[PDB]
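Before any questions on how it binds or moves, here is one chain, the form deposited in one PDB entry, in C-alpha cells.
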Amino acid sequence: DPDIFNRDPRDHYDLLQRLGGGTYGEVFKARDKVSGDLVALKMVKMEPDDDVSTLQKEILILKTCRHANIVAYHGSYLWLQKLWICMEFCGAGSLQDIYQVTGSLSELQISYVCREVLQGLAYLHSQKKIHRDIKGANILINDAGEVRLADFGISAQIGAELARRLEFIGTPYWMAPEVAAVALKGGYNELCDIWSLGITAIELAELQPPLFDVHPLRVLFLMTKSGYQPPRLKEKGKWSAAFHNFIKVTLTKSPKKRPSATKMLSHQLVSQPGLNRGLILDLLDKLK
C-alpha cells in the first residue's frame, strides 16, 4: 500500500479488547492514547517471504470505498512483520452478535437492514467490486445505529487468486473462449451478493441460515443438485406477503433472472417510507 504508516500503531493506541477474528487476522478495539477516539485494528502477520497481494487488494477496496454503508477506513500500519488495518469501531458489533442476545429481528428491523445492505451493495457493484461474504456476522452496527458492511477478506482473496492463477492457467492462444471467460471473470457475477442477502434475511428472522447443522461440504453438493430448491422462511403466518416476496426474488436460482441491488431498492419491502435508524436504535436499547 503506497499510504502505509511505517510505524507501530501501539505507539498511538491502547489495545482495549479482542473483537474476534474474521476471514483472516485478529480484530482489536483500540483507544487513541491522546484523542481518546475508538477504532478497530485488524492485525495480520506479514513476512518478507509472504505474498502481499491479498492484503494489498483488501486495503485497495477499503480505501476506494466512500459510502455510509461500508465500514470507514482510516489507514494501515506496517511494523515488525505485522500489518494493522485501521477501521471504524462499530459499538454494537455484528448483527450476529446482536441476535444471539436479542433473539430474532422484527420484519421492520430486517427490512431496514436489507435496505441499508442493498445501498452498500449497489455502491460496491457500481465500482465493479463484489463482497462475496454477506452474512449477519459481516453486517456491523455502530452506536449511531448505522449499518456497515465489513470484512472484504473473501473478496480480496478471490481477486488476488484470479490474478495470481493467470500465469499458470496455460497458453491462451490455444484456449477455448469459455476457459478464458472463467479465467477473467470467475464463472459468476455480482448477483451472488443478492442471494447472500436473501439468506441473511432468513438468518435474521430465524437465528440460523438454512441447512446450518449440515456438514459444509454436503451443503455445496446439495446446492449443485438439479432439484435444489431455494430456501424459504419457516413461519409463513408471521411474515407479510412483501417479506415472502423479497425472499422469493433475492433467492432466484437462475442468476440471469435474479434482480440487481438497484432493482431490489425499489422492492415494496425496502422502499417503505417508515424504515429509519430508530428501528436499530430500539434493537440496541433491548441489548442494554
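By rigid core we mean the largest C-alpha set that fits within 1.5 Å across both forms. Residue positions are given as counts along the sequence shown, with the first one as 1.
The same protein also exists as the form deposited in another entry; that form is not shown, yet it is the one meant from here on.
Visitor: Quick check on the comparison between the shown form and the other one: with the core aligned, only one of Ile70, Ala261, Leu251, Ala30 should show a Cα shift of at least 2 Å. Which one is it?
Guide: After core superposition, the single residue displaced by 2 Å or more is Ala30.
Visitor: Once the core is superposed between the shown form and the other one, does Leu19 show a C-alpha displacement of at least 2 Å?
Guide: Yes; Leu19 is a residue whose C-alpha shifts (by 2 Å or more) between the shown form and the other one when the cores are overlaid.
Visitor: Taking the rigid core as reference, does the Cα of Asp143 move 2 Å or more between the shown form and the other one?
Guide: No, shifts by less than 2 Å.
Visitor: Compare the position of the CA of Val101 between the shown form and the other one after a rigid core fit and state whether the shift reaches 2 Å.
Guide: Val101: C-alpha displaced by less than 2 Å between the shown form and the other one.
Visitor: Once you account for a change of 3 Å or more, let me know if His125 and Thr23 sit closer or farther in the other entry, using their C-alpha atoms.
Guide: Result: farther.
Visitor: With a C-alpha distance change of 3 Å or more, do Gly22 and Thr200 lie closer or farther in the other entry?
Guide: Farther: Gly22 and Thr200 separate by 3 Å or more in the other entry.
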